[PDB]
file final.cif (mmCIF, C-alpha atoms and all ligand atoms)
data_final
loop_
_atom_site.group_PDB
_atom_site.id
_atom_site.type_symbol
_atom_site.label_atom_id
_atom_site.label_comp_id
_atom_site.auth_asym_id
_atom_site.auth_seq_id
_atom_site.Cartn_x
_atom_site.Cartn_y
_atom_site.Cartn_z
ATOM 1 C CA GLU A 2 14.029 43.918 -17.006
ATOM 2 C CA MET A 3 15.694 41.662 -14.354
ATOM 3 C CA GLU A 4 19.234 43.166 -14.876
ATOM 4 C CA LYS A 5 17.853 46.571 -13.609
ATOM 5 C CA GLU A 6 15.753 44.905 -10.859
ATOM 6 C CA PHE A 7 19.055 43.122 -9.881
ATOM 7 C CA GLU A 8 21.016 46.438 -9.585
ATOM 8 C CA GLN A 9 18.104 48.065 -7.601
ATOM 9 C CA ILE A 10 17.898 45.181 -5.063
ATOM 10 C CA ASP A 11 21.738 44.883 -4.923
ATOM 11 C CA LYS A 12 22.402 48.678 -4.404
ATOM 12 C CA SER A 13 19.507 48.922 -1.823
ATOM 13 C CA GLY A 14 20.651 45.553 -0.218
ATOM 14 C CA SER A 15 16.963 44.359 -0.269
ATOM 15 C CA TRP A 16 17.560 40.552 -0.974
ATOM 16 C CA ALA A 17 16.459 39.443 2.553
ATOM 17 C CA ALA A 18 13.301 41.604 1.939
ATOM 18 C CA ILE A 19 12.390 40.236 -1.574
ATOM 19 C CA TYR A 20 13.068 36.732 -0.171
ATOM 20 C CA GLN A 21 10.637 37.187 2.798
ATOM 21 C CA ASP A 22 7.842 38.460 0.423
ATOM 22 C CA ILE A 23 8.305 35.231 -1.666
ATOM 23 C CA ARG A 24 8.077 33.218 1.595
ATOM 24 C CA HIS A 25 4.812 35.055 2.530
ATOM 25 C CA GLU A 26 3.215 34.709 -0.988
ATOM 26 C CA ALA A 27 4.192 30.958 -1.306
ATOM 27 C CA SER A 28 1.470 28.279 -1.615
ATOM 28 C CA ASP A 29 0.590 25.933 1.254
ATOM 29 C CA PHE A 30 -1.059 22.591 0.402
ATOM 30 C CA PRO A 31 -1.653 19.536 2.540
ATOM 31 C CA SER A 32 1.187 16.961 2.921
ATOM 32 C CA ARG A 33 -0.884 14.300 4.794
ATOM 33 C CA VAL A 34 0.750 11.220 3.218
ATOM 34 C CA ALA A 35 4.299 12.483 4.170
ATOM 35 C CA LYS A 36 3.230 12.854 7.884
ATOM 36 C CA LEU A 37 1.762 9.304 8.301
ATOM 37 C CA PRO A 38 3.708 7.527 11.111
ATOM 38 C CA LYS A 39 4.640 4.592 8.788
ATOM 39 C CA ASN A 40 6.486 7.136 6.485
ATOM 40 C CA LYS A 41 8.567 8.779 9.277
ATOM 41 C CA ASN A 42 11.764 6.850 8.297
ATOM 42 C CA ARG A 43 11.243 7.681 4.535
ATOM 43 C CA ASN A 44 11.834 11.416 5.219
ATOM 44 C CA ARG A 45 15.352 12.813 5.718
ATOM 45 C CA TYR A 46 13.965 16.026 7.355
ATOM 46 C CA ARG A 47 10.724 16.430 9.393
ATOM 47 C CA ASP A 48 10.016 19.977 7.957
ATOM 48 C CA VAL A 49 10.475 19.067 4.201
ATOM 49 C CA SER A 50 7.486 17.216 2.796
ATOM 50 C CA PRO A 51 6.037 16.771 -0.672
ATOM 51 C CA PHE A 52 2.456 18.121 -1.133
ATOM 52 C CA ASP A 53 -0.076 15.306 -1.696
ATOM 53 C CA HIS A 54 -1.256 16.793 -5.061
ATOM 54 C CA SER A 55 2.234 16.728 -6.730
ATOM 55 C CA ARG A 56 3.934 13.787 -4.877
ATOM 56 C CA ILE A 57 5.519 10.950 -6.915
ATOM 57 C CA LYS A 58 3.854 7.633 -6.159
ATOM 58 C CA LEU A 59 5.816 4.364 -6.279
ATOM 59 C CA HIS A 60 4.033 1.441 -8.122
ATOM 60 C CA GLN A 61 4.231 -0.934 -5.034
ATOM 61 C CA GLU A 62 0.960 -1.936 -3.177
ATOM 62 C CA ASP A 63 2.497 -1.977 0.371
ATOM 63 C CA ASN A 64 3.621 1.719 0.613
ATOM 64 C CA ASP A 65 3.675 4.076 -2.409
ATOM 65 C CA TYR A 66 5.500 6.891 -0.574
ATOM 66 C CA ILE A 67 8.784 8.642 -1.530
ATOM 67 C CA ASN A 68 9.833 12.159 -0.665
ATOM 68 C CA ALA A 69 9.679 13.440 -4.272
ATOM 69 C CA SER A 70 7.588 16.026 -6.136
ATOM 70 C CA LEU A 71 6.723 16.477 -9.858
ATOM 71 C CA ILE A 72 7.307 20.119 -10.930
ATOM 72 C CA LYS A 73 5.321 20.701 -14.211
ATOM 73 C CA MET A 74 6.148 24.014 -15.973
ATOM 74 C CA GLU A 75 3.324 24.062 -18.609
ATOM 75 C CA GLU A 76 4.496 27.096 -20.627
ATOM 76 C CA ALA A 77 8.181 25.909 -20.756
ATOM 77 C CA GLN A 78 7.101 22.272 -21.469
ATOM 78 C CA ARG A 79 9.697 21.170 -18.852
ATOM 79 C CA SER A 80 8.984 18.758 -15.950
ATOM 80 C CA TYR A 81 11.377 17.903 -13.073
ATOM 81 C CA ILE A 82 11.220 15.465 -10.182
ATOM 82 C CA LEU A 83 12.781 17.089 -7.112
ATOM 83 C CA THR A 84 13.671 14.660 -4.311
ATOM 84 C CA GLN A 85 15.780 14.435 -1.153
ATOM 85 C CA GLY A 86 19.146 12.690 -1.067
ATOM 86 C CA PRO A 87 18.211 9.053 -0.544
ATOM 87 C CA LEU A 88 18.501 7.480 2.901
ATOM 88 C CA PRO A 89 20.147 4.060 3.519
ATOM 89 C CA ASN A 90 16.647 2.581 3.594
ATOM 90 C CA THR A 91 15.252 4.459 0.492
ATOM 91 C CA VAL A 92 18.057 3.807 -2.072
ATOM 92 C CA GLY A 93 15.910 1.021 -3.565
ATOM 93 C CA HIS A 94 12.822 3.312 -3.685
ATOM 94 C CA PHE A 95 14.909 6.012 -5.429
ATOM 95 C CA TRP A 96 15.949 3.701 -8.299
ATOM 96 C CA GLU A 97 12.425 2.259 -8.495
ATOM 97 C CA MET A 98 11.162 5.861 -9.026
ATOM 98 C CA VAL A 99 13.832 6.460 -11.747
ATOM 99 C CA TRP A 100 12.715 3.215 -13.456
ATOM 100 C CA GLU A 101 8.908 3.851 -13.153
ATOM 101 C CA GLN A 102 9.127 7.527 -14.359
ATOM 102 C CA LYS A 103 11.452 6.682 -17.392
ATOM 103 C CA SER A 104 13.966 9.325 -16.339
ATOM 104 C CA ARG A 105 17.176 9.481 -18.467
ATOM 105 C CA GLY A 106 19.224 11.698 -16.067
ATOM 106 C CA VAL A 107 19.888 12.134 -12.321
ATOM 107 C CA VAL A 108 21.286 15.559 -11.309
ATOM 108 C CA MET A 109 23.058 15.558 -7.886
ATOM 109 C CA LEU A 110 24.050 18.956 -6.468
ATOM 110 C CA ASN A 111 25.638 17.888 -3.123
ATOM 111 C CA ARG A 112 28.574 15.739 -1.864
ATOM 112 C CA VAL A 113 27.823 12.630 0.231
ATOM 113 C CA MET A 114 29.585 14.327 3.159
ATOM 114 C CA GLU A 115 29.258 18.097 3.803
ATOM 115 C CA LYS A 116 30.244 19.985 7.018
ATOM 116 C CA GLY A 117 31.421 16.613 8.476
ATOM 117 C CA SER A 118 27.920 14.995 8.273
ATOM 118 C CA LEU A 119 26.281 12.608 5.744
ATOM 119 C CA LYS A 120 23.884 14.467 3.397
ATOM 120 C CA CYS A 121 23.049 11.446 1.199
ATOM 121 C CA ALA A 122 23.569 7.650 1.007
ATOM 122 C CA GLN A 123 26.154 6.395 -1.535
ATOM 123 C CA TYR A 124 23.388 5.204 -3.940
ATOM 124 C CA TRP A 125 25.549 4.394 -7.044
ATOM 125 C CA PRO A 126 28.513 1.987 -7.544
ATOM 126 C CA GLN A 127 32.085 3.293 -7.135
ATOM 127 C CA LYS A 128 33.681 0.613 -9.373
ATOM 128 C CA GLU A 129 32.702 -1.121 -12.663
ATOM 129 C CA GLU A 130 33.237 -4.631 -11.200
ATOM 130 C CA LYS A 131 31.176 -3.967 -7.986
ATOM 131 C CA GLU A 132 27.522 -3.592 -9.070
ATOM 132 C CA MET A 133 24.653 -2.847 -6.574
ATOM 133 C CA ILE A 134 21.598 -5.084 -6.167
ATOM 134 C CA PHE A 135 18.509 -3.549 -4.467
ATOM 135 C CA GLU A 136 16.726 -6.680 -3.138
ATOM 136 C CA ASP A 137 13.602 -4.761 -1.974
ATOM 137 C CA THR A 138 12.896 -3.336 -5.513
ATOM 138 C CA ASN A 139 14.512 -6.060 -7.705
ATOM 139 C CA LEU A 140 16.907 -3.691 -9.543
ATOM 140 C CA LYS A 141 20.613 -3.988 -10.413
ATOM 141 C CA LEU A 142 22.791 -0.952 -11.067
ATOM 142 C CA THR A 143 26.243 -1.073 -12.789
ATOM 143 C CA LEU A 144 28.772 1.700 -13.279
ATOM 144 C CA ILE A 145 29.655 1.702 -17.048
ATOM 145 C CA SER A 146 31.966 4.732 -17.131
ATOM 146 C CA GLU A 147 32.912 7.841 -15.190
ATOM 147 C CA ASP A 148 34.269 11.140 -16.617
ATOM 148 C CA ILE A 149 35.817 13.461 -13.933
ATOM 149 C CA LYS A 150 36.085 17.281 -14.422
ATOM 150 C CA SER A 151 37.439 19.640 -11.657
ATOM 151 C CA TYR A 152 34.055 20.507 -9.983
ATOM 152 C CA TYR A 153 31.625 17.887 -11.489
ATOM 153 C CA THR A 154 31.517 14.238 -12.703
ATOM 154 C CA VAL A 155 29.367 12.497 -15.389
ATOM 155 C CA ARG A 156 28.692 8.764 -14.913
ATOM 156 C CA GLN A 157 27.055 6.292 -17.315
ATOM 157 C CA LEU A 158 25.015 3.732 -15.317
ATOM 158 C CA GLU A 159 23.101 0.703 -16.462
ATOM 159 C CA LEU A 160 19.893 0.045 -14.578
ATOM 160 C CA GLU A 161 18.429 -3.455 -14.979
ATOM 161 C CA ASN A 162 14.934 -4.559 -13.957
ATOM 162 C CA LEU A 163 15.753 -8.069 -12.616
ATOM 163 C CA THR A 164 11.991 -8.946 -12.866
ATOM 164 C CA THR A 165 11.841 -8.394 -16.699
ATOM 165 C CA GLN A 166 15.571 -8.249 -17.709
ATOM 166 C CA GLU A 167 15.033 -4.812 -19.432
ATOM 167 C CA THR A 168 18.053 -2.448 -19.097
ATOM 168 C CA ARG A 169 18.312 1.339 -19.451
ATOM 169 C CA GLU A 170 21.212 3.707 -19.628
ATOM 170 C CA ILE A 171 20.978 6.447 -16.907
ATOM 171 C CA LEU A 172 23.282 9.493 -16.902
ATOM 172 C CA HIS A 173 24.411 10.760 -13.451
ATOM 173 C CA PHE A 174 25.439 14.437 -13.447
ATOM 174 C CA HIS A 175 27.229 15.211 -10.181
ATOM 175 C CA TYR A 176 28.046 18.847 -9.477
ATOM 176 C CA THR A 177 30.879 18.456 -6.951
ATOM 177 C CA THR A 178 31.645 21.975 -5.482
ATOM 178 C CA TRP A 179 28.213 23.483 -4.388
ATOM 179 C CA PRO A 180 27.950 24.119 -0.585
ATOM 180 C CA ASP A 181 24.690 23.417 1.416
ATOM 181 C CA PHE A 182 22.768 26.725 2.058
ATOM 182 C CA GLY A 183 25.368 28.324 -0.319
ATOM 183 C CA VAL A 184 26.001 29.348 -3.993
ATOM 184 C CA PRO A 185 28.387 28.143 -6.772
ATOM 185 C CA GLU A 186 31.909 29.689 -7.318
ATOM 186 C CA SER A 187 30.714 32.062 -10.148
ATOM 187 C CA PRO A 188 27.582 31.239 -12.153
ATOM 188 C CA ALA A 189 30.026 30.250 -14.951
ATOM 189 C CA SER A 190 30.686 26.672 -13.768
ATOM 190 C CA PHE A 191 26.975 26.367 -12.773
ATOM 191 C CA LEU A 192 25.829 27.324 -16.340
ATOM 192 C CA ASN A 193 28.532 25.114 -17.943
ATOM 193 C CA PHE A 194 27.038 22.161 -15.936
ATOM 194 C CA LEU A 195 23.410 23.090 -16.784
ATOM 195 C CA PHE A 196 24.245 23.234 -20.571
ATOM 196 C CA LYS A 197 25.959 19.804 -20.210
ATOM 197 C CA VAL A 198 22.746 18.341 -18.749
ATOM 198 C CA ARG A 199 20.692 19.931 -21.581
ATOM 199 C CA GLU A 200 23.116 18.664 -24.278
ATOM 200 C CA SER A 201 22.677 15.059 -22.982
ATOM 201 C CA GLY A 202 18.947 14.955 -23.910
ATOM 202 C CA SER A 203 18.039 14.285 -20.220
ATOM 203 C CA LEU A 204 15.674 17.361 -20.103
ATOM 204 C CA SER A 205 13.960 16.525 -23.396
ATOM 205 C CA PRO A 206 10.250 15.601 -23.639
ATOM 206 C CA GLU A 207 11.087 12.196 -25.263
ATOM 207 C CA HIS A 208 12.175 11.019 -21.753
ATOM 208 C CA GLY A 209 10.516 11.014 -18.329
ATOM 209 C CA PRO A 210 11.347 13.926 -16.037
ATOM 210 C CA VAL A 211 14.928 14.418 -14.896
ATOM 211 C CA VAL A 212 15.503 13.582 -11.187
ATOM 212 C CA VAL A 213 17.120 16.501 -9.337
ATOM 213 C CA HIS A 214 18.372 16.308 -5.723
ATOM 214 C CA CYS A 215 20.599 17.926 -3.099
ATOM 215 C CA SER A 216 20.206 17.017 0.641
ATOM 216 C CA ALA A 217 16.544 18.181 1.106
ATOM 217 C CA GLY A 218 15.729 18.680 -2.639
ATOM 218 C CA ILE A 219 14.599 22.372 -2.216
ATOM 219 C CA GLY A 220 17.643 24.729 -2.103
ATOM 220 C CA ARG A 221 20.403 23.882 -4.613
ATOM 221 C CA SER A 222 17.785 21.751 -6.532
ATOM 222 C CA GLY A 223 15.453 24.781 -6.695
ATOM 223 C CA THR A 224 18.275 26.976 -8.131
ATOM 224 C CA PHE A 225 18.905 24.383 -10.905
ATOM 225 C CA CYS A 226 15.240 24.130 -12.072
ATOM 226 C CA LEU A 227 14.544 27.894 -11.700
ATOM 227 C CA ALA A 228 17.544 28.870 -13.941
ATOM 228 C CA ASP A 229 16.714 26.184 -16.564
ATOM 229 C CA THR A 230 12.982 27.156 -16.778
ATOM 230 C CA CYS A 231 13.726 30.951 -16.865
ATOM 231 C CA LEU A 232 16.305 30.533 -19.694
ATOM 232 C CA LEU A 233 13.849 28.318 -21.696
ATOM 233 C CA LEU A 234 10.997 30.888 -21.320
ATOM 234 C CA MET A 235 13.469 33.627 -22.394
ATOM 235 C CA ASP A 236 14.354 31.346 -25.365
ATOM 236 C CA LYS A 237 10.661 30.699 -26.301
ATOM 237 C CA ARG A 238 9.898 34.498 -26.094
ATOM 238 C CA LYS A 239 13.332 35.925 -27.239
ATOM 239 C CA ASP A 240 12.520 38.735 -24.693
ATOM 240 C CA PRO A 241 14.538 38.903 -21.398
ATOM 241 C CA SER A 242 12.081 41.590 -20.065
ATOM 242 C CA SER A 243 9.089 39.158 -20.308
ATOM 243 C CA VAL A 244 10.577 36.750 -17.653
ATOM 244 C CA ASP A 245 9.731 37.547 -13.998
ATOM 245 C CA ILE A 246 12.000 35.196 -11.912
ATOM 246 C CA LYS A 247 9.872 35.866 -8.763
ATOM 247 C CA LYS A 248 6.673 34.746 -10.564
ATOM 248 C CA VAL A 249 8.352 31.607 -11.992
ATOM 249 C CA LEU A 250 9.632 30.722 -8.472
ATOM 250 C CA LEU A 251 6.129 31.157 -6.989
ATOM 251 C CA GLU A 252 4.682 28.876 -9.726
ATOM 252 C CA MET A 253 7.316 26.168 -8.932
ATOM 253 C CA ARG A 254 6.521 26.571 -5.179
ATOM 254 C CA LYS A 255 2.953 25.382 -5.958
ATOM 255 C CA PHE A 256 4.556 21.943 -6.579
ATOM 256 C CA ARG A 257 7.140 21.672 -3.782
ATOM 257 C CA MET A 258 7.607 23.822 -0.673
ATOM 258 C CA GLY A 259 10.694 25.880 0.168
ATOM 259 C CA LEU A 260 12.375 25.976 -3.280
ATOM 260 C CA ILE A 261 15.354 28.411 -2.883
ATOM 261 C CA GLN A 262 16.352 28.237 0.827
ATOM 262 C CA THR A 263 18.267 31.557 1.292
ATOM 263 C CA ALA A 264 18.358 35.133 -0.046
ATOM 264 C CA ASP A 265 21.847 34.378 -1.503
ATOM 265 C CA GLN A 266 20.426 31.395 -3.496
ATOM 266 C CA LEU A 267 17.777 33.875 -4.846
ATOM 267 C CA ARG A 268 20.534 36.417 -5.728
ATOM 268 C CA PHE A 269 22.614 33.628 -7.401
ATOM 269 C CA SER A 270 19.504 32.510 -9.397
ATOM 270 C CA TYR A 271 19.178 36.059 -10.839
ATOM 271 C CA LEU A 272 22.942 36.161 -11.647
ATOM 272 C CA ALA A 273 22.791 32.712 -13.356
ATOM 273 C CA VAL A 274 19.769 33.744 -15.490
ATOM 274 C CA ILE A 275 21.257 37.204 -16.365
ATOM 275 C CA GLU A 276 24.613 35.650 -17.475
ATOM 276 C CA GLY A 277 22.781 32.795 -19.315
ATOM 277 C CA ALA A 278 20.671 35.397 -21.249
ATOM 278 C CA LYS A 279 23.832 36.379 -23.267
ATOM 279 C CA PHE A 280 23.724 32.863 -24.896
ATOM 280 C CA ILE A 281 19.867 32.785 -25.391
ATOM 281 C CA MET A 282 20.047 36.123 -27.287
ATOM 282 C CA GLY A 283 22.609 34.868 -29.922
ATOM 283 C CA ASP A 284 26.190 35.184 -28.442
ATOM 284 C CA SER A 285 26.936 31.411 -28.856
ATOM 285 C CA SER A 286 30.667 32.126 -28.094
ATOM 286 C CA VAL A 287 29.838 32.928 -24.389
ATOM 287 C CA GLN A 288 29.557 29.080 -23.874
ATOM 288 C CA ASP A 289 33.300 28.557 -24.722
ATOM 289 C CA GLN A 290 34.156 31.349 -22.189
ATOM 290 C CA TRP A 291 32.109 29.568 -19.412
ATOM 291 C CA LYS A 292 34.135 26.311 -19.933
ATOM 292 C CA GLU A 293 37.375 28.415 -19.653
ATOM 293 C CA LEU A 294 36.394 30.396 -16.477
ATOM 294 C CA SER A 295 34.891 27.147 -14.977
ATOM 295 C CA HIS A 296 38.448 25.582 -15.150
ATOM 296 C CA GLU A 297 36.807 22.106 -15.669
ATOM 297 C CA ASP A 298 40.257 20.871 -16.944
HETATM 298 O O1 LIG B 1 20.832 23.766 0.240
HETATM 299 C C1 LIG B 1 19.940 22.790 -0.050
HETATM 300 O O2 LIG B 1 19.803 22.438 -1.224
HETATM 301 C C2 LIG B 1 19.058 22.052 1.035
HETATM 302 O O3 LIG B 1 19.133 22.633 2.315
HETATM 303 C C3 LIG B 1 19.239 21.751 3.423
HETATM 304 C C4 LIG B 1 17.935 21.752 4.222
HETATM 305 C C5 LIG B 1 17.088 22.901 4.285
HETATM 306 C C6 LIG B 1 15.827 22.861 5.071
HETATM 307 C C7 LIG B 1 15.454 21.699 5.759
HETATM 308 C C8 LIG B 1 16.295 20.547 5.698
HETATM 309 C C9 LIG B 1 17.552 20.590 4.917
#

call {"tool": "encode", "arguments": {"input": "final.cif", "output": "structure tokens", "more": "lines below"}}
Ligand SMILES: O=C(O)COCc1ccccc1
result
Amino acid sequence: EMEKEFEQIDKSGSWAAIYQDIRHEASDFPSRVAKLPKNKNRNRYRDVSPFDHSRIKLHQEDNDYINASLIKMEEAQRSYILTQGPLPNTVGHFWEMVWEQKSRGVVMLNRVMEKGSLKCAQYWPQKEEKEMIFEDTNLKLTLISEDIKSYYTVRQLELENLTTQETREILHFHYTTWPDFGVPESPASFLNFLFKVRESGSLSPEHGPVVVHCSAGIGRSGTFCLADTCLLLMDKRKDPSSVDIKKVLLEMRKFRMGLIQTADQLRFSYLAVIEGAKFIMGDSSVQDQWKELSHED
């Protein structure tokens, strides 16, 4: 059981050690398309590349490349697209991907500016009456509504294919107090946010995969997918002992490198799953408590 593994590693202070063994066991696959010279300005970081086997391809003949990976968790029947924060020049590619993959939700785990630097382009409209047109990909995006909580925001966007005049409603879930290379306040507000995404239908098999991003799409994004998948597997098995977090993480790392970027993100992941297990095992009331301790009011 993970709760006892947690106490062992915590008492022995072995997190940096567990983390390094995950690093050493992690898959390595070619990322040849990412490293082509014509794709240099489509990557936010030179050392974070999608693997060729799991990369999302854009449906445009010129250049199909985006820094995005499909994570497919077969047993949990969950799939996620993990991507970098879009660049000024890839905002159009980002929304094209959302359109082509039939995603219903975008989960953003960073602020546009962190530590006095830009982590992401402003890729959605700030005001209802000021819509965004992406000329390169022939898409229009309108802000429909915005609901602000203390530490996260939920926006209703309308995405229109200008080529075909079809429109879709996209939900933008913006977690607004998660530091880069860091961990949420307590897992409470984290979990509260995760259960909000689930409640929306965005993670449901009726829709294309949810798009998840932070700055590089591996750290904070990794922590989101790892907690969701572990809780689901727990749910499907009704057995907290049967879930090995370290094995699930290594499976996900077959699809995108570097998921979980620090030993404290690994520790937080355990803490999020352990706390979340209360709910999965039948204490439905624990969800009301999370809203309270989150102070989302
Ligand atoms: O904490 C995160 O979610 C992402 O980490 C930033 C990063 C890590 C490695 C390489 C480039 C950027």

call {"tool": "atom_distance", "arguments": {"input": "final.cif", "atom1": "CA of residue 220 (chain A)", "atom2": "atom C6 of ligand LIG 1 (chain B)"}}
result
7.6 Å

call {"tool": "closest_residue", "arguments": {"input": "final.cif", "among": "A:3, A:286, A:237, A:99", "to": "residue 273 (chain A)", "atoms": "only C-alpha atoms"}}
result
A:3

call {"tool": "atom_distance", "arguments": {"input": "final.cif", "atom1": "CA of residue 270 (chain A)", "atom2": "CA of residue 175 (chain A)"}}
result
19.0 Å

call {"tool": "atom_distance", "arguments": {"input": "final.cif", "atom1": "CA of residue 161 (chain A)", "atom2": "CA of residue 114 (chain A)"}}
result
27.7 Å

call {"tool": "closest_residue", "arguments": {"input": "final.cif", "among": "A:200, A:276, A:207, A:181", "to": "residue 111 (chain A)", "atoms": "only C-alpha atoms"}}
result
A:181

call {"tool": "resolve_selection", "arguments": {"input": "final.cif", "expression": "the PyMOL selection byres (((chain A and resi 266) around 10) and not hetatm)", "output": "compact mmCIF listing (two decimals) with C-alpha atoms, in the frame of the given file"}}
result
# COMPACT_ATOMS: atom_id res chain seq x y z
CA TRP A 16 17.56 40.55 -0.97
CA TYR A 20 13.07 36.73 -0.17
CA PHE A 182 22.77 26.72 2.06
CA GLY A 183 25.37 28.32 -0.32
CA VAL A 184 26.00 29.35 -3.99
CA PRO A 185 28.39 28.14 -6.77
CA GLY A 220 17.64 24.73 -2.10
CA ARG A 221 20.40 23.88 -4.61
CA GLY A 223 15.45 24.78 -6.70
CA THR A 224 18.27 26.98 -8.13
CA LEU A 260 12.38 25.98 -3.28
CA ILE A 261 15.35 28.41 -2.88
CA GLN A 262 16.35 28.24 0.83
CA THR A 263 18.27 31.56 1.29
CA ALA A 264 18.36 35.13 -0.05
CA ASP A 265 21.85 34.38 -1.50
CA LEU A 267 17.78 33.88 -4.85
CA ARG A 268 20.53 36.42 -5.73
CA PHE A 269 22.61 33.63 -7.40
CA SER A 270 19.50 32.51 -9.40
CA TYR A 271 19.18 36.06 -10.84
CA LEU A 272 22.94 36.16 -11.65

call {"tool": "build_atoms", "arguments": {"input": "final.cif", "residues": "region 229-243 of chain A", "atoms": "N, CA, C and O atoms", "output": "short mmCIF file (atom, residue, chain, number, x, y, z; two decimals), in the frame of the given file"}}
result
data_model
loop_
_atom_site.label_atom_id
_atom_site.label_comp_id
_atom_site.auth_asym_id
_atom_site.auth_seq_id
_atom_site.Cartn_x
_atom_site.Cartn_y
_atom_site.Cartn_z
N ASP A 229 17.04 26.88 -15.30
CA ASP A 229 16.71 26.18 -16.56
C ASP A 229 15.39 26.73 -17.14
O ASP A 229 15.34 27.03 -18.35
N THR A 230 14.33 26.76 -16.34
CA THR A 230 12.98 27.16 -16.78
C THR A 230 13.02 28.62 -17.24
O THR A 230 12.53 28.88 -18.34
N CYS A 231 13.62 29.52 -16.48
CA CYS A 231 13.73 30.95 -16.86
C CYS A 231 14.44 31.12 -18.21
O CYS A 231 13.96 31.90 -19.05
N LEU A 232 15.55 30.42 -18.42
CA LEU A 232 16.30 30.53 -19.69
C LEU A 232 15.47 30.02 -20.88
O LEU A 232 15.49 30.63 -21.95
N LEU A 233 14.74 28.92 -20.67
CA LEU A 233 13.85 28.32 -21.70
C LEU A 233 12.75 29.31 -22.09
O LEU A 233 12.48 29.45 -23.30
N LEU A 234 12.11 29.94 -21.10
CA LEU A 234 11.00 30.89 -21.32
C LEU A 234 11.52 32.09 -22.11
O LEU A 234 10.82 32.58 -22.98
N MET A 235 12.68 32.59 -21.69
CA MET A 235 13.47 33.63 -22.39
C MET A 235 13.67 33.20 -23.85
O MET A 235 13.48 34.03 -24.75
N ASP A 236 14.08 31.95 -24.04
CA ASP A 236 14.35 31.35 -25.36
C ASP A 236 13.06 31.41 -26.19
O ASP A 236 13.08 31.99 -27.29
N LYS A 237 11.98 30.86 -25.64
CA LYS A 237 10.66 30.70 -26.30
C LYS A 237 10.12 32.08 -26.69
O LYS A 237 9.43 32.16 -27.71
N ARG A 238 10.45 33.12 -25.93
CA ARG A 238 9.90 34.50 -26.09
C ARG A 238 10.91 35.42 -26.79
O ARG A 238 10.47 36.46 -27.31
N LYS A 239 12.20 35.06 -26.79
CA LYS A 239 13.33 35.92 -27.24
C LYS A 239 13.13 37.35 -26.70
O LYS A 239 13.27 38.31 -27.48
N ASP A 240 12.84 37.46 -25.39
CA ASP A 240 12.52 38.74 -24.69
C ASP A 240 12.90 38.60 -23.22
O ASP A 240 12.10 38.09 -22.43
N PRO A 241 14.11 39.03 -22.80
CA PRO A 241 14.54 38.90 -21.40
C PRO A 241 13.63 39.64 -20.41
O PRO A 241 13.56 39.24 -19.25
N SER A 242 12.95 40.70 -20.88
CA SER A 242 12.08 41.59 -20.07
C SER A 242 10.81 40.84 -19.66
O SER A 242 10.20 41.21 -18.63
N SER A 243 10.40 39.85 -20.45
CA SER A 243 9.09 39.16 -20.31
C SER A 243 9.15 38.11 -19.19
O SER A 243 8.09 37.58 -18.81
#
